[PDB]
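**Q** Got an experimental structure here, sequence first:
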Amino acid sequence: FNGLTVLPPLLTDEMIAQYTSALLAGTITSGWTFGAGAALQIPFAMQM
Amino acid sequence: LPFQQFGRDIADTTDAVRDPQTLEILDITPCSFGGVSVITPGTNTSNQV
Ligand SMILES: *[C@@H]1O[C@H](CO)[C@@H](O)[C@H](O)[C@H]1NC(C)=O
């Protein structure tokens, strides 16, 4: 009340959660190929 | 309580008071304030904001 204000962040928590889920799903489905370019599917045991 | 006349909350500023004539307790709140911002697409593109 003395001129002190708190500004809201640009990315809401739901958006950050969506980013995290996209990263994790890409990891478990394509391995490391989605970072270099287009995602390429591979069975999980073969990736391990 | 009957001997109390003011209220200071956590800081030193008064937030409650007792009306002398009618012995009523009144809460005090600050008037509205805030910043003002202007969204522009650039004077080159347009003059709307
Ligand atoms: C005068 O003030 C007293 C409290 O001090 C209140 O009880 C009384 O009603 C008031 N009288 C008038 C004239 O408003």
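**A** Sure thing, it's come through. Numbers count the residues shown, from 1 in each chain, chains lettered A, B, ... in the order given.
**Q** Residue A:15 belongs to a helix?
**A** Yes - counting by DSSP: H, G, I helix; E, B strand; the rest coil, one finds residue A:15 located in a helix.
**Q** That one: neighbour count?
**A** Burial measure for residue A:15: 11 neighbouring residues, criterion other Cβ atoms under 10 Å in any protein chain shown. (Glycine included, C-beta is placed from N, CA and C.)
**Q** May I have the distance across stretch B:14-28, first residue to last?
**A** From its first residue to its last, stretch B:14-28 covers 8 Å (Cα to Cα, to the nearest Å).
**Q** ugh, wrong one, I meant stretch B:8-25
**A** So stretch B:8-25: terminal residues 13 Å apart, Cα to Cα.
**Q** Quick check: buried residues in it?
**A** Going by neighbour count (16 or more other Cβ atoms under 10 Å in any protein chain shown), the buried part of stretch B:8-25 is residue B:15.
**Q** Please name the residues that touch residue B:7.
**A** B:14-17 (Cβ atoms under 8 Å, 6 or more residues apart in numbering or on different chains).
**Q** farthest pair in those?
**A** Taking Cβ to Cβ as the measure, those span a maximum distance of 8.5 Å, between B:15 and B:17.
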